[PDB]
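Since the structure comes first, as structure tokens, the remarks are kept for the end.
Since every read-out is calculated from the coordinates, none of them should be taken as a lab result. With ideal geometry, Cβ positions are generated from the backbone for all residues, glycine too; neighbour counts draw on all protein chains shown.
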Amino acid sequence: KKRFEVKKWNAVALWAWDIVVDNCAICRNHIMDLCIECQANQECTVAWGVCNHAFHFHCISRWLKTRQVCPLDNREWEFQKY
Amino acid sequence: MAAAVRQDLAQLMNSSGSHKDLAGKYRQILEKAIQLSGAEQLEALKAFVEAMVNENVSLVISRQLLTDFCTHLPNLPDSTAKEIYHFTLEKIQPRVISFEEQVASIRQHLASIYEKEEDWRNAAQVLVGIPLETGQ
Amino acid sequence: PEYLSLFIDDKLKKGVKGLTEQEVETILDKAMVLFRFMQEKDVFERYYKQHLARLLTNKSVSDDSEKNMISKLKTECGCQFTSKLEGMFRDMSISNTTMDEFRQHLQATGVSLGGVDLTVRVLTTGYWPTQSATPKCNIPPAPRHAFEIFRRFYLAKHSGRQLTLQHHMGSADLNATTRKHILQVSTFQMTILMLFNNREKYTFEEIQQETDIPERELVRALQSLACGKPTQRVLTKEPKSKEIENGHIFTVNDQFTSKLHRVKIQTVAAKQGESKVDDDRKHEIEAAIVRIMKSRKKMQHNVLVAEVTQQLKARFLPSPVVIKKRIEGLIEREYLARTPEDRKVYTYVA
Ligand SMILES: [Zn+2]
Ligand SMILES: [Zn+2]
Ligand SMILES: [Zn+2]
């Protein structure tokens, strides 16, 4: 017979990905690399989209030179969050 | 036959009074229980540790007394220190949040002792198991 | 736009007067056409976020009417914001289905600690608004174990995510004292009462020492548990004063008073709502302006957005939305007034 007993509880959570990102899928190097082209010849930053797809700036730029879609989801790519 | 520390601990955990001086009393127990004997010292330490883990005991007093108990752990021999480390870690893993301040220091000391004894695999898995980034 | 959002929320909250969908949809059509002649929907939708944050409580809405109005808005608005409101609705629906699944799992595999009712309503972080990092108020043993078993279940099934339980929002009830009266509390009050339980004669500093009670939002709750309570008068303090700094000792009292068995303290929600970026915004405006005039590089529709963020050394400063709005408002005269049908010539390199 506890003094107060809990009967209901409407908890609120906030799910987030355990790994935000570990690889730029144009160069197979992690996002904090120089995107291989900058590694050989030496600035280099990451870029994001609406689909939350982090890539190297130079990799996504050279992809967008001839293409206009995100490499992973194959939909229209536009810049968001630098 | 070393029932003096056991009866002292029993008298303390049945104490209805929750006055502020109680914590100090516990510290007195520590300064009369850090030095004693061999195996029965381990028995007293393990009874002490399982005394704090009870949720009935005040969380702040138990936490501070746990830090005071932990500061003297490195002086213990290697085997007894490892046994007490694993006992504390297995007692903490149910209620991780209630003692998520000194588990990091305990794991750090444990990893230091492992790396000083070339046993790096156990330290590696322990430091994999610590929830640092996942914790709020 | 704040007034329009207020009116929409007020009309949709109480559907008893005019339950017919025709009058509601004509009101929504008037609101939509009025919004059409206006612009700057970002503040409009952040006000939607503010009103729907303080949907988190009991629904008290029509649901399907909201779905219809958001669909008719998305028909002429497009994506991103419409898609994130669709994410709001999809998140609520998937949350209630996950709750049903968890209830079914509890029924199939009986757990004693599941005797307490759990109404977990997990949300998303990429679409829902964020308040702050939230405190770490202590959980009583039984609710802590219930949330632990829920966490263990949720880490199973679909993995790759964790749950950072918050404490700003929440609705709970408690049985108290003598006839047993059901009281309504909101998170912090529950923990305060639980701490009051195990031992009487508890002072404010003792409570504050081991509850991780907040600092700024604590003011609203502290002056809501007393100092203007209704006739229910569930709890009072012996240091009766407008301000209580450090050492006001609290006491537990029967105070049966009202005979009602569902006394609620929801009225605090009706009164708690009342009551340097300069250099940063100057730098952002100057950076955007110098980027828009200086670049002039060969672009078709997107490589300009790439080179402008390339020029800056630090990120989250570009914020492509500002580039988008700048190039949208830059079409007012000759420069950057190129043909939408063929967005090929863009002054090239000039
Ligand atoms: Zn890359
Ligand atoms: Zn690069
Ligand atoms: Zn994509």
Could you check the spin-label model distance between C:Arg161 and B:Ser79? Points 7 Å from the Cα along Cα→Cβ, value in nm. 5.0
Give C:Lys157/C:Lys180; C:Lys49/C:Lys136; C:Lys271/C:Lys325; A:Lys2/C:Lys240; C:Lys72/C:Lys157 a once-over and call out the pairs whose C-alpha atoms are over 32 Å from each other. C:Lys157/C:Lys180; C:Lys271/C:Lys325; C:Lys72/C:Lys157
What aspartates and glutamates could a cross-link reach from C:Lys41, if we take a straight Cα to Cα line under 16 Å and drop same-chain neighbours fewer than 8 places away? C:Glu2, C:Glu76, C:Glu328
Rounded to the nearest Å, the spacing of the alpha-carbon centers of the stretch C:97-170 and the stretch A:37-82 is 36
Assigned charges on the beta-carbon of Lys, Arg, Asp, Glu; the protein assembly as shown dipole about Cα centre (debye): 1500
Tell me, in nm to one decimal, what length is gained between C:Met293 and C:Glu307 on full extension, where the rule is 0.36 nm per residue of separation less the Cα-Cα distance? 3.7 nm
Return the sequence-ordered ³J(HN,Hα) values of the stretch C:291-300 in whole Hz as given by the Karplus equation 6.51 cos²θ - 1.76 cosθ + 1.60 applied to θ = phi - 60°, using x for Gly and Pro. 5, 6, 7, 6, 4, 6, 6, 4, 10, 9
Rounded to whole angstroms and listed largest first, the alpha-carbon spread of chain B along its three principal axes comes to 44, 37, 19
Would you order C:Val234, C:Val16, C:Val185 from fewest to most other beta-carbon atoms within 10 Å of each residue's own beta-carbon? C:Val16, C:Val234, C:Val185
Determine which residues of the stretch C:118-146 fall in the zone a paramagnetic label at C:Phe89 would reach in this model, i.e. backbone nitrogen under 19 Å from the point 7 Å along Cα→Cβ. C:123-124, C:127-129
Can you tell which of A:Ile26, A:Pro71, A:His53 lies farthest toward the positive end of the dipole of chain A, using +1 and -1 charges on the Cβ of basic and acidic side chains (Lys, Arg; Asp, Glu)? A:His53
Can you work out the Karplus-derived ³J(HN,Hα) for every residue in the stretch C:216-229? Use 6.51 cos²θ - 1.76 cosθ + 1.60 with θ = phi - 60°, whole Hz, and x for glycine or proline. 7, 6, 5, 4, 4, 6, 5, 8, 9, 6, 8, 6, x, 5
The stretch B:63-81-the stretch C:261-317 distance, computed between alpha-carbon centres (Å): 51
With r defined as the distance between the Cβ atoms of C:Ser275 and C:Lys41 and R0 fixed at 30 Å, what FRET efficiency is calculated, to the nearest 0.05? 0.65
Against the globular-protein guess of 2.2 N^0.38 Å, express the Cα radius of gyration of the protein assembly as shown as a ratio, rounded to two decimals. 1.23
Computed FRET efficiency, Cβ-Cβ of C:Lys201 and C:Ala142, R0 22 Å: what is it to the nearest 0.05? 0.35
Under a plain spin-label model, where a point goes 7 Å from the Cα along Cα-to-Cβ, how far apart in nm are B:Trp120 and B:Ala47? 4.2
About the Cα centre, and with charges only on the beta carbon of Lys, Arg (+1) and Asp, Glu (-1), how big is the dipole of the stretch C:238-304? Nearest 20 debye, please. 700
Under a point-charge model restricted to the Cβ atoms of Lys and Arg (+1) and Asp and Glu (-1), what is the dipole moment magnitude of chain A relative to its Cα centre, in debye to the nearest 20? 780
Assuming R0 = 41 Å, can you tell me the calculated FRET efficiency for the pair B:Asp68 and A:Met32, based on Cβ-Cβ distance, to the nearest 0.05? 0.45
Of the options C:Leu106, C:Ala350, C:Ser62, report the single residue whose Cα projects farthest towards the positive end of the charge dipole of the protein assembly as shown (beta-carbon charges: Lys, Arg +1; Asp, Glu -1). C:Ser62
Sequence order, the stretch C:278-283: Karplus ³J(HN,Hα) from phi using 6.51 cos²θ - 1.76 cosθ + 1.60, θ = phi - 60°, Hz rounded, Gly and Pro as x, gives 4, 5, 4, 6, 4, 5
Mind checking which of C:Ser5, C:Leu312, C:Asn197 is farthest towards the positive end of chain C's charge dipole, using Cβ charges of +1 (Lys, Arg) and -1 (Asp, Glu) about the Cα centre? C:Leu312
Per residue of C:202-214, what is the mean number of Cβ atoms on other protein chains within 10 angstrom of that residue's Cβ? 1
When the convex hull of the Cα atoms of the stretch C:1-157 is projected onto a plane and the area is averaged over all directions, what value comes out in nm²? 11.9
Whichever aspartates and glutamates have a C-alpha closer than 15 Å to that of A:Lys81, once near sequence neighbours (fewer than 8 apart) are set aside: C:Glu284, C:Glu307
Could you tell me what % of all Cα pairs in chain C have separations over 35 Å? 46
